[PDB]
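Next comes just one chain, in structure tokens: the form solved without this ligand.
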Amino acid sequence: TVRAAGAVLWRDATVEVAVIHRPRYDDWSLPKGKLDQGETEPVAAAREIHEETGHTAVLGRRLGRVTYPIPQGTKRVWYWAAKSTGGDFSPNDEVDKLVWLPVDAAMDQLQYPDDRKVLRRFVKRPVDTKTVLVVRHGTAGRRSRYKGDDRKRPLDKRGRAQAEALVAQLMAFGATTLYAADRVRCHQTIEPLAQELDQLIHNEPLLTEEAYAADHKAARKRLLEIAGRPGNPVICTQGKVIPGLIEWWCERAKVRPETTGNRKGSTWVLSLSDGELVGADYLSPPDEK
């Protein structure tokens, strides 16, 4: 019942991680806290890291889910690896001490078994990763009811709201460059993000459902091309293209999706290290759980 998110916030020492002390429970733990209304887990994680540690951070690989019982029902915390991009700590509302420890010492500092389990996930794969964000376009009504060229079918009111809600989510992962398939609804999905970054959306005719249907290899090739460029790209496409591209890349690399889906407005976070896939994390559409 109670949804939360947090992080292993790290910095280059080789790495040190942040362990926080809170007076209420006199505990040592990883920074995390509750989703506010309208936030998704990554949005909440980045926010809570800032509030509890004073550091700005960019989320990378997901580090699984923790659940435990509380007074208000059940607590569920999703965790991310999060690289500090700077900031400074000062005792605040929730937290009065913060220590940066190398992993072995941090393991001994962390008193909850689940936090230790999260830290063990953290060290099991590279954490200095780049991120490709594959997004299914937002809701766009029904083909049946669109009088016009279906390629031009726009987002509906709900999908416009999904597009706005996606900016904070995608920014949590340090999105830098934007790409969309050659359909109105894919471009509109990331046009709020484009404004926020003052970036142009590159058009990708090779990544439409039609194009992929006739040459899937050209599309795979384009994806790796895009992935190879500097930065963390966002690629917004249609439903029939995503599953094929995600399964292809996952089995290549023996990466397993803990969660999975393909809903309108959903995001796959693909984490790469030295060009090799090290995570594939499926995020629900920003207005579903």
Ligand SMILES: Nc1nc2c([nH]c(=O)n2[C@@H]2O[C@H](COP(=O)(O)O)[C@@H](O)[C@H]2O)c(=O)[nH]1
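Residues that one form lacks are left out of the comparison. For clarity, a rigid core is taken as the largest C-alpha set superposing within 1.5 Å between two forms. The numbering used is simple: start at 1 and walk along the sequence shown.
From this point on, the text means the form solved in complex with this ligand, which you will not see here.
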Stretch in contact in the entry with it bound with this ligand, which is absent here, among 57-65, 220-228, 246-254, 22-30 (heavy atoms within 4.5 Å): 22-30
Listed residue (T85, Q111, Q195, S90) with a non-hydrogen atom within 4.5 angstroms of this ligand in the entry with it bound: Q111
Only residue that shifts (Cα, 2 Å or more, rigid core superposed) between this form and the one not shown, among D88, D128, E209, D149: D149
Note on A214-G148 C-alpha separation in the entry with it bound, which departs from the shown form by 3 angstroms or more: closer
Comparison of CA distance in the entry with it bound with shown form for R145, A165, at least 3 Å: farther
Consecutive-residue runs (3+) with Cα displacement of 2 Å or more between this form and the one not shown, core aligned: 144-149
